[PDB]
Each structure stands twice: as C-alpha cells, then as structure tokens.
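Below: one structure, written as structure tokens.
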Amino acid sequence: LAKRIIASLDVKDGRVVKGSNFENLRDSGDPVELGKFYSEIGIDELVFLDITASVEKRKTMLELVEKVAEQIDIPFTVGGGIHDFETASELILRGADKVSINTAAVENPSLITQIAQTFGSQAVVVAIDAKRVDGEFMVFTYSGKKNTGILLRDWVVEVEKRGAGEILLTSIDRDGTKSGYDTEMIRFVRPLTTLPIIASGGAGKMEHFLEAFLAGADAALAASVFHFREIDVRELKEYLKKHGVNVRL
C-alpha cells in the first residue's frame, strides 16, 4: 500500500504563519518558495490552509494558487473557508488539484457531490476535525469552535456516500502537541471507509509516521516538524522504507 508524506502550510495574507527555519531560502516565510523547496526535497503533496481576514481572503487564495501552480509540479490542495461550488471551482481552475472543505460540507453535504460532479471525487478532500467528547468521537466545525453533535462514525460514512475522494482526518486531541498521531482515531475510521485517509495532527518524530501508517492512514500530514526542521523529509522516507512502509523514494 503506497503511502504519502504531505506538508501542510498555514497561510495568512500570503505569508507562512510562523515561517520556517530554512536559511537557504530568499524568504523563508514565502509559501510558494517554501512549497517549491519541499517538492524538491521529497514531499509528495502540499496542503495550503488559509486563514486570511475575510475581505481579501478570496483574492488572496486565488493568487496563492496561481503562484503555486507556476512553480510546483506535485499535487496540492487548498482549503480554508471554501463555502460553495463557485469558490471551489475558481480555485481548482486557477491551478489547485484538490480543495479541502469542512464546515461548509457539514452544513451542506450536497456541496461534496456538487464539486465532485464537475471535478471528480478525487478533487474533493473533506477535512474532518474530531475530538473525544464524553467518550465519543465528535465532529467539530469552525476551526474547532463548534461541536456539531455529529458522530465521527456517521459523518465518515456520509462523506463517502456523498462522493468525496479523500478524508483529511485531524485529531483536535493531538493537533500541535508533537505527542504522536491519534492512532486510536485513525483505527476507528479505517474500517468505516474505502477512501484514502490523510492523518493529521500530533506529528513529533519519525516513529509517529510509522505508527500512523500501521493504523491505516494512507498519507501523513505535518506542518511544524518540517518547517522547524525537526524531521528531515528524506531521512523520514528512508526510515519508513527501512521498516516496511511503501513510500516513494
């Protein structure tokens, strides 16, 4: 089973939030240059998550996609506040391979199908943010602010039924902690769907990626371990290949 290593870049007003530690770059806070670097050193795909204001957001994301497409050959996903078909369509047409939708998909699950009918299921990444609440995995929207009362188990099944192509599964319980991927959550979701699962949140060291792939993740997404150079992408891939993980070398 082929596995993917994906870098996540949080972006705002066209800048990498909290930048990176790559002194070899002209602008270590330029997401286009940083993304290009990652593609040259072995990252398999990129994910850009935009948290721009709201007034310049739409134009800022379309500019990002245009500049990224000029410079990067590997697939990339854009997400963050994509609320309808026309917004998703413009971003894909401007150059993005995939869009990530979360809040708007929960509030209008037909949006999944709408984008998929024009761009294919493979262009639709449904980002699911989940957290343990009173012993159940619950789905959260609005960057973790709202417990929807929807069970992770039910939403995963519905997401596939609606025609999504991939699930970007973020554990709120682990995101940012460097303590490891939420392998219990990944293993909970794995038998419920045939879709590729991108594991997200908690990456701290190379062994965490092995654990995530054993749990059934098809891809492992991380941000700070890469930006702050705590894990080298090539060393990570050689480590994973050494222990039987089918990564692309």
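Numbering of residues begins at 1 and proceeds along the displayed sequence. All values below come from the heavy atoms of this structure, side chains included, with hydrogens, waters and symmetry mates left out.
- Each of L49 and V17 belongs to its own hydrophobic cluster when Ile, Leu, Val, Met, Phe, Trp and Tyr are linked at side-chain heavy-atom distances under 4.5 angstrom.
- When all heavy atoms are compared, the tightest approach of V189 to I197 is CG1-CD1, 3.7 Å.
- For the pair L210 and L240, the minimum side-chain heavy-atom distance is below 4.5 Å.
- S200 and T170 share a donor-acceptor pair across their side chains, judged by distance under 3.5 Å alone.
- At distances below 3.5 Å, not a single donor-acceptor pair connects side-chain atoms of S8 with backbone N or O atoms of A222.
- Residue-environment remark: CG (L1) stays at or below the threshold of 12 foreign heavy atoms within 6.0 Å.
- In summary, the side chains of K178 and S224 do present a donor paired with an acceptor at a separation below 3.5 Å, with no hydrogens or angles considered.
- Applying the ring-ring contact (aromatic ring centres under 6.0 Å, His included) test to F226 and every residue at least two apart in sequence or in another chain returns nothing.
- Remark: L169 CG to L195 CG distance equals 12.0 Å, nearest 0.5 Å.
- Open room surrounds CD on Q122; 12 or fewer heavy atoms of other groups in view lie less than 6.0 Å from it.
- Between the side chains of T77 and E45, no donor N or O sits under 3.5 Å from an acceptor N or O.
- Here the closest heavy-atom approach between residue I6 and residue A219 is recorded as CD1-CB, 3.7 Å.
- Under a 3.5 Å cut-off, the side chain of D129 and the backbone N or O of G144 do not form any donor-acceptor pair.
- Looking only at atom types and distance, the side chain of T193 has a donor-acceptor partner in the side chain of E160 under 3.5 Å away.
- Between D97 and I74 the shortest heavy-atom distance is OD2-O, 4.0 Å.
- No continuous path of ILVMFWY side-chain contacts below 4.5 Å connects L221 to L236, so the two sit in separate hydrophobic clusters.
- A donor-acceptor pair shorter than 3.5 Å cannot be found between the side chains of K131 and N147.
- Looking at heavy atoms from C-beta onward, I128 lies in side-chain contact with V156 at the 4.5 angstrom threshold.
- Across all their heavy atoms, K237 and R248 have their closest contact at NZ-O, 2.8 Å.
- No continuous path of ILVMFWY side-chain contacts below 4.5 Å connects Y38 to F228, so the two sit in separate hydrophobic clusters.
- Other residues, nucleotides and ligands contribute only 12 or fewer heavy atoms inside 6.0 Å of the CZ atom of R234.
- The two residues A212 and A199 make their nearest non-hydrogen contact at CB-CB, 4.4 Å.
- Separation of the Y181 and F209 ring centroids falls under the 6.0 Å cut-off.
- Within 6.0 Å of the CZ atom in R58, the count of heavy atoms belonging to other residues, nucleotides or ligands does not exceed 12.
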message = Set out, in order, the CA-CA distance, both residues' side-chain angles and the distance that settles side chain to side chain donor-acceptor pair (under 3.5 Å) for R162 and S110, then state yes or no.
response = CA-CA 7 Å; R162 293 277 183 169; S110 79; 5.2 Å; no

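- Between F213 and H243, the distance from one ring center to the other does not fall under 6.0 angstrom.
- Of all non-hydrogen atoms in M61 and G79, the two that sit nearest each other are CE-O, 3.5 Å.
- For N24, the CG atom is densely surrounded, since the number of other residues' heavy atoms within 6.0 Å is greater than 12.
- For NZ of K161, the number of neighbouring non-hydrogen atoms (other residues, nucleotides, ligands) closer than 6.0 Å is 12 at most.
- Enclosure of atom NZ in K57 by more than 12 non-hydrogen atoms of other residues, nucleotides or ligands within 6.0 angstrom is indicated.
- At least one side-chain heavy atom of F188 sits under 4.5 Å from a side-chain heavy atom of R153.
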